[PDB]
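Asker: Let me give you the structure first, and then I'll get to my questions.
Following this line, the structure appears as structure tokens:
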């Protein structure tokens, strides 16, 4: 059915205790405990009678005026006619404040509303009745309110507060007798710092749980119109903090809705950070960070290096995101999920620069004819992929990996893969690059289509023709063309269509 | 551990990439020639060998 | 996101399904032109030669749909009325020549003269004499052959593409004997206009049909849709003078025999293909509309599907149809090679 | 920094006073980059940094 | 068919999430709000998309059905003005602790046992930092703080009475009164 | 047979075992290449 | 199912496989009856 | 190995904070 | 969403107290003790039941 | 009503619960969120840590409360040791899964239970609006690791069809027996056959030793060739031969224990219909029961089932004494 705070849901008996003394409480006295409603405890009854009733009074009912008349009369008796103009809600708040302050712990039937043991039991059961969200809210309340007081108050002050809570006459007398205990109490002038500390904590919490929904709505509606960088710039927040808030909001929504969180979101918001920082760590081994990816010459050493770097930075994104131009190769949601989920590491380590794809298309070759006929067609099938890569004098140069793996190269390195069914196919980009020395860097800024052209950049035909390529001078080009073009004309020995009448 | 990362220990994606297998019997079966007159039984076959 | 593994569902539906993602946008459109042309030709081969009412009768007869099967008109299982030997069972003679030209282009790695494919084309013509006379020197045939020429350099302007395709069209319209085939200039002009349409489709121009109508060859207003025919340039007085010179022969007893299908009928078919491609929102529905029109459904699809592929890339082509294509593996390999080598030819 | 001490030449190599005196003398005999640049007439930053405009600082003013 | 695949077999389907959940609210808001293309017709004056200014942001949120509580730039909390919390975070640790918690995790709190990394030592170090800040306040490098609830409860009865009857917010205002 | 070899992965924006972080200037960060042995007999993964 | 297979064609393939299985089952039961000397082809109502 | 249950955080609520905070438990 | 009544909220407590009083009668038959009152090794907090005049030994 | 992955939970990290969770984690290619419940959170931590180190393809979440387990999991599978724990987890606890079940949840308990318990669980699930299946698992934990288990599912046919892709991750032979409780009945029949065949194999090897056959492999070969083959005999031939040869040896422990077998047979007897004052006269079943009870009355209840060979005559002597008491 419906379970809430008013009607406590039935919980399991084997639940662990929340407070420390109940963990050491003996089992017999644990079994002695009854199963009672929350208000059956004297502290719960006191709360329901004093504070919860006044909280309910603000709701629309019939006895509201009847009780408000009495409370207003009491307030007028307290403060002459000044409090007549005070609002009814203000009067209720004042009464609640006074009843909270005048609360005392002592003998149950001697005037005190409830005992310290009853208060401890109520606190323990109230903590037990909380779920994960309840405990999270409890910790939030602790951080908002109690933590500044603890940070600003001395252990002597805490012990004095404990003595006040227990309200033991002899123990209070013993604590007050000590001269050092009298002199070690804190000063209100120093305790005033707790106000500013609490304000700062509440300011951070307000940032989180009030600017999270707004930033989340803006970034979910129009991520390209409101990127995290723009949101941080316009709201004065930290650029990293905005993304952290978005991630936290989405993950908390998933967790409190009992849905598996979108694990791709931290990758999509910290793509650069994910590649840079997230690593697998061994036990007992201390690790370091590479300040620079390689040993290179700085761009300040030469005037041309400086110009090259500034031009590349101009052509480069400051912060690349999921919707930007380099990620336009993820047409459908299948591509989107595949790229951003469980394979982003390999997908980003495949190629350093960001290109309009992740690899190269795979095309399959044709099998050489086998004159043995069907007596040998089976022999090229096996249980494994047989991968072959060309080596030789002209192949295997690490410094020429890009030019050797360029598909538009007539002397491209030749790779073949025989599948377990005999199919001869080409190799993927990662498969081709696996044969060279590994490159373990990435580029998240430079995007080639944004390069400058026209101003200061104009490739000229004169520079290329300075080599003077002449077909009558060198005929290797004609030889390669002859090699490429078909040769079936040689068996016909002007080409003309057949004549049939 | 972190409550925000799947695969808290961060294994390599190639580690979680699956493995497929195909037995050679699917590629080609094994036929058994019945004994002939020269080798009617396995004792005779072993004696000949 | 993910579903529980059961019934051993294959990871990929085709060899190149995930390979098509590894192309740029323009490369995807380039490969899509050829692959969509092939898919349309293979899908319309079953009902080749059928009429509009025969196609309607087939669709009505196969009216038992299970909500997942393809349209009965596409890849129909009707009994063959032709019974070709080895390759024209799944495609046409026009697509045979188209595939030969594609293979020559792939092996040439860039632009190439027509002499590289003359011998292959004449060998195919000798191997299939009936098809040669049936579909030689016709507008549909030459257009379906030359549709793939702009794939060599999609950024080329109309003048360069027409100049390059003139050599191919001369040999395509060259009769063996001195038959004196007429309207060669008309066939050239109509082919140039449609090639402009295809070039703008490759370039992803806004309203490629409208802009090709604007920049069409003079005297070719009858091939574009009637709403776009106003933008076409008017007929040339030189074309009128050529028509007068042709009429000055005054030889009614002499009738050309190689152009079996009339040029006007070819223009009507190409106009229907252009309107279908313009008004088609998807490759599947465009192919269905092309085949529902009857007649030369093979060439109709070879035009419409090629235009649709040039418009919306490879990935919009149904992968099931691509797998159903008979020679999809070699066709896609050649298309990928052409797309890769078009942007950096070895010779220049 | 890196410090190397050799007290072999001394009569008693195991002399902590010798060690500390040598280290302090080496520290005393050290000139800072600011002092070196002031003595030479150069900018201190144009002595330990690899920036190409600094190349003009090692030429003669002409 | 939600629970039937291509072959026709019945497949498992996740149970419906709570309609009152914030995740469901976000899903419905995304599905029902106006598309991102109709928020602004004309773009910014200088090559940039609209929505960076607070007026445009408020207009967009209104079109999406959300009333922005941070109407003005100054209404943003601006956590860069904090003088005490950053020092604690820099030296000791996360004073908040449960500010970033997904589900019972990522908690920045001292250990239960105690010892050198316990609540007592943590509070002692935090109080030492607060004492340093109060020393700065006394030396005049920082403004005198206002009157707190704890400070008022600590003060003598006469001080509390006059503070309540004067409405003073600062010890300076109390001195003036 | 318990897990005694693997450890939880480094979270985002985390600090190094030596306090090094890729935030603002690298001056607070300290290079450590000079503490490694001068020559390795083989090839380290890094 | 093949990439372009129709539902009716798949049903026809199932029918052909069913006929082949029925014939092979009849042959196998004939062989087993010969082997055992028993009577296995009892329900002879599928002819 | 053992998860920190942070049960010492709950012990601070057993101190009658209403005496000094003047009813901080409620909404404020 | 429901009345917070008082007169219908004492069901299980009566049964638990009946079990307790029956066990306490058997305990008085046997001279048993429930738990050490003073803070001991197994009860460092010294948990003890409150004395009740109405309750009988 | 959003698009997500199935929340699949496993309750009970006993001996058979760990292989099931490991199989789900290994073979779930990120198609499910794996919730793992444990009475002590340390066990759940250990299981999830071991799965993560070995390499798991699906995210995991630990639980120690049935309320959280119910609020999270879309499908729940319980693999417990005895019937009392299953009954407490399903009906008796304040946060009992079946009593607090949500309309649409599917709860499958692989623990062997009694017919009355299965009937009441199914009735409560139907009243709550959820779906319940009783699928008593068959096989050793090594067989569950190999995935070649045996499941006899009784309940909703549509629910069985929907749950098939999850069963196949740790069981290859899954049989939808029929309505609710049919799996429990089939498990009872299988256990009775197992006990009877174990007793028969023990007696056969005892008489083999008496006659003089001094090899057990050469006997099991001809037994498998003939019509006397039995799975229990094939499994227990060497251990029974060794125990007969040396009575001083104490039979080892195993996952299938004498106490558990006796408990299952007691559930079968309780669910067995009566013919009035007298029970059903099953001679072989009664002899097996008496021999197993005599074996368990010697502190051997937690050992292997082969211990019955040492107490065949103990059970016979006990029966003779009980029959002579009224004679």
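Residue numbers (full-length UniProt numbering), protein chains in the order written: chain A, 57 to 549, 573 to 580; chain B, 15 to 63; chain C, 2 to 349; chain D, 250 to 311; chain E, 662 to 838; chain F, 57 to 102; chain G, 212 to 258; chain H, 64 to 91; chain I, 697 to 753; chain J, 3 to 329. Every residue gets a Cβ at the ideal spot worked out from N, C-alpha and C, and that includes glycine.
1) Output yes if chain J places a C-beta closer than 8 Å to the C-beta of residue 7/C; else output no.
2) Would you tell me roughly how many angstroms separate the C-alpha atoms of residue 268/J and residue 673/E, rounded to the nearest one?
3) Rounded to the nearest angstrom, what separates residue 162/A and residue 221/A at their Cα positions?
4) At what residue ranges does the region 18-96 of chain J contain a whole run of the alpha helix (DSSP H), taking only runs of 4 or more?
5) Under the three-state reduction of DSSP, which class applies to residue 149/C: helix, strand or coil?
6) If you draw a straight line from the alpha carbon of residue 262/A to that of residue 719/E, how long is it in whole angstroms?
7) On the three-state DSSP scale, how would you describe residue 8/J?
8) If you draw a straight line from the C-alpha of residue 309/D to the C-alpha of residue 359/A, how long is it?
9) Considering Cα atoms alone, identify which of 129/J, 161/J, 174/J, 159/J is closest to residue 139/J.
10) Measuring alpha carbon to alpha carbon, tell me which residue in 324/C, 119/C, 187/C is nearest residue 223/C.
11) Would you check if the distance between the CB atom of residue 207/J and the CB atom of residue 263/J is smaller than 8 Å?
12) Residue 144/J: which of 21/J, 104/J, 316/J, 33/J sits nearest, CA to CA?
13) Residues of chain A with CB under 9 Å from residue 757/I, in chain order?
14) By Cβ distance below 7 Å, which residues in the same chain neighbour residue 212/G in space, the five residues on each side in sequence not counted?
15) Exposed or buried, which one is residue 284/A when buried takes at least 16 other CB atoms within 10 Å?
16) Helix, strand or coil, according to DSSP, for residue 292/C in the structure here?
17) Would you verify that the beta carbon of residue 670/E is, or is not, closer than 8 Å to some beta carbon of chain K?
18) Which residue comes first and which comes last in the alpha helix (DSSP H) that contains residue 692/E?
19) Are the region 294-305 of chain C and the region 35-46 of chain C touching by the rule of at least three beta carbon pairs closer than 8 Å?
20) Which of the three DSSP states is assigned to residue 564/A in this structure?
21) Less than 8 Å between CB atoms is the rule here; does residue 25/C satisfy it with respect to chain G?
22) Pair every Cβ in the region 113-127 of chain C with every Cβ in the region 537-546 of chain A, then say whether three or more of these pairs are closer than 8 Å.
23) Just curious, the alpha helix (DSSP H) that residue 485/A is in, first and last residue?
24) Nearest to residue 191/A by alpha carbon, out of 793/E, 693/E, 762/E?
25) Would residue 83/F count as contacting chain A if we go by Cβ distances under 8 Å?
26) For residue 96/J, return the contacting residues in chain A, with the cut-off set at a CB-CB distance below 9 Å.
27) Express the C-alpha separation of residue 708/I and residue 715/I in angstroms, rounding to a whole number.
28) Can you tell me which of 107/C, 162/C, 324/C, 335/C puts its alpha carbon nearest to the alpha carbon of residue 15/C?
29) Within 10 angstroms of its Cβ, does residue 279/C collect 16 or more other Cβ (buried), or is it exposed?
30) What distance in whole Å lies between the Cβ atoms of residue 148/C and residue 340/C, which are believed to be in contact at a cut-off of 8 Å?
31) Of the residues that make up the region 757-770 of chain E, which ones have a beta carbon closer than 7 Å to any beta carbon in chain A?
32) Smallest Cα separation from residue 84/A: which of 743/I, 704/I, 700/I?
33) With a cut-off of 8 Å, does the C-beta of residue 57/F fall near any C-beta of chain B?
34) At a Cβ threshold of 8 Å, is residue 259/C touching chain G?
35) Measuring only between beta-carbons, confirm whether residue 65/H sits less than 8 Å from chain A.
36) Kindly list the residues whose CB is nearer than 6 Å to the CB of residue 276/C, restricted to its own chain and excluding five residues on each side of it in sequence; keep chain order.
Answerer: Concretely, from the data shown:
1) Along the third chain, read from residue 1 onward, the residue named residue 7/C stands at position 6. Judged by the 8 Å Cβ criterion, residue 7/C is in contact with chain J.
2) As a working note, residue 268/J is residue 266 in the tenth chain. As a working note, residue 673/E is residue 12 in the fifth chain. In a straight line, the C-alpha of residue 268/J is about 36 Å away from that of residue 673/E.
3) Numbered from its first residue, the first chain carries residue 162/A at position 106. Numbered from its first residue, the first chain carries residue 221/A at position 165. So the two alpha carbons sit approximately 9 Å from each other.
4) For the region 18-96 of chain J, the full-length alpha helix (DSSP H) segments reaching 4 residues or more read 19-29, 43-56, 68-74, 85-89 along the chain.
5) In the third chain, residue 149/C corresponds to position 148, counting from 1. In the structure shown, residue 149/C sits in coil (DSSP, three-state: anything other than H, G, I, E or B).
6) As a working note, residue 262/A is residue 206 in the first chain. As a working note, residue 719/E is residue 58 in the fifth chain. Each residue's Cα considered, the two are about 19 Å apart.
7) Against the tenth chain, residue 8/J aligns to sequence position 6. In the structure shown, residue 8/J sits in a strand (DSSP, three-state: E or B).
8) Indexing the fourth chain from 1 puts residue 309/D at position 60. Indexing the first chain from 1 puts residue 359/A at position 303. When only Cα atoms are considered, residue 309/D and residue 359/A end up about 21 Å apart.
9) By one-based count along the tenth chain, residue 139/J stands at place 137. For residue 139/J, the nearest C-alpha among the options comes from 174/J.
10) Counting from one through the third chain, the residue named residue 223/C turns up at place 222. Cα-wise, what sits closest to residue 223/C is 187/C.
11) Position 205 of the tenth chain holds residue 207/J. Position 261 of the tenth chain holds residue 263/J. By the CB criterion at 8 Å, residue 207/J and residue 263/J fall outside the cutoff.
12) By 1-based counting over the tenth chain, the position of residue 144/J is 142. Minimum Cα distance to residue 144/J is reached at 21/J.
13) Not covered by the structure: residue 757/I. The range shown for chain I is 697 to 753.
14) As a first step, residue 212/G must be located in the seventh chain, where it is residue number 1. Around residue 212/G: 221.
15) Counted from its first residue, the first chain places residue 284/A at position 228. Classification of residue 284/A: buried, given that the 10 Å Cβ count is 16 or more.
16) Stepping through the third chain from its first residue, residue 292/C is reached at position 291. Residue 292/C: helix per DSSP, three-state reduction.
17) Any reference to chain K falls outside this structure, whose protein chains are A, B, C, D, E, F, G, H, I and J.
18) Here residue 692/E is taken as the residue at index 31 of the fifth chain, counted from 1. Run containing residue 692/E: 683-693, per the alpha helix (DSSP H) assignment.
19) Yes, since at least three Cβ pairs between the region 294-305 of chain C and the region 35-46 of chain C fall closer than 8 Å, the two stretches touch.
20) Residue numbering in chain A breaks between 549 and 573, and residue 564/A falls inside that break, so it has no position here.
21) The residue labelled residue 25/C in the question sits at position 24 within the third chain. For residue 25/C, the answer is no, since every Cβ of chain G falls outside 8 Å of its Cβ.
22) The region 113-127 of chain C makes contact with the region 537-546 of chain A: 3 or more CB pairs, one atom from each, lie closer than 8 Å.
23) Locating residue 485/A in the first chain gives position 429, counting from the first residue. Taken as a continuous stretch (DSSP letters only), the alpha helix (DSSP H) holding residue 485/A covers 485-489.
24) Within the first chain, numbered from 1, the residue matching residue 191/A stands at position 135. Comparing Cα-Cα distances from residue 191/A to each of 793/E, 693/E, 762/E, the minimum goes to 762/E.
25) Here residue 83/F is taken as the residue at index 27 of the sixth chain, counted from 1. At least 8 Å separates the CB of residue 83/F from every CB of chain A.
26) Here residue 96/J corresponds to residue number 94 of the tenth chain, with the count starting at 1. For the C-beta of residue 96/J, the chain A residues within less than 9 Å are, from N- to C-terminus, 65, 66, 67, 68, 69.
27) For the purposes of this step, residue 715/I is identified with residue 19 of the ninth chain, where counting begins at 1. For the purposes of this step, residue 708/I is identified with residue 12 of the ninth chain, where counting begins at 1. Rounded to whole angstroms, the gap between the alpha carbons of residue 715/I and residue 708/I is 11 Å.
28) The residue you call residue 15/C lines up with position 14 of the third chain. The alpha carbon of residue 15/C has as its nearest neighbour, out of 107/C, 162/C, 324/C, 335/C, the alpha carbon of 324/C.
29) The count along the third chain starts at 1 and reaches residue 279/C at position 278. So residue 279/C ends up on the buried side.
30) Taking the third chain and counting its residues from 1, the one referred to as residue 340/C is at position 339. Taking the third chain and counting its residues from 1, the one referred to as residue 148/C is at position 147. The beta carbons of residue 340/C and residue 148/C sit about 15 Å from each other, so the pair does not count as a contact at 8 Å.
31) Of all residues in the region 757-770 of chain E, 757, 758, 759, 760, 761, 762, 763, 764, 765 have a Cβ within less than 7 Å of some Cβ in chain A.
32) Reading the first chain from its first residue, position 28 is the one you call residue 84/A. Distance check between residue 84/A and each of 743/I, 704/I, 700/I places 743/I closest, using alpha-carbon atoms only.
33) Locating residue 57/F in the sixth chain gives position 1, where the first residue counts as 1. With 8 Å as the cut-off, residue 57/F does not count as an interface residue toward chain B.
34) Position 258 of the third chain, counted from the first residue, corresponds to residue 259/C. Look at residue 259/C: its C-beta is not under 8 Å from any C-beta on chain G.
35) For this step, residue 65/H is matched to residue 2 along the eighth chain. No - not a single Cβ of chain A is within 8 Å of the one on residue 65/H.
36) For the purposes of this step, residue 276/C is taken as the residue at position 275 of the third chain. Correct list, in chain order: 226.
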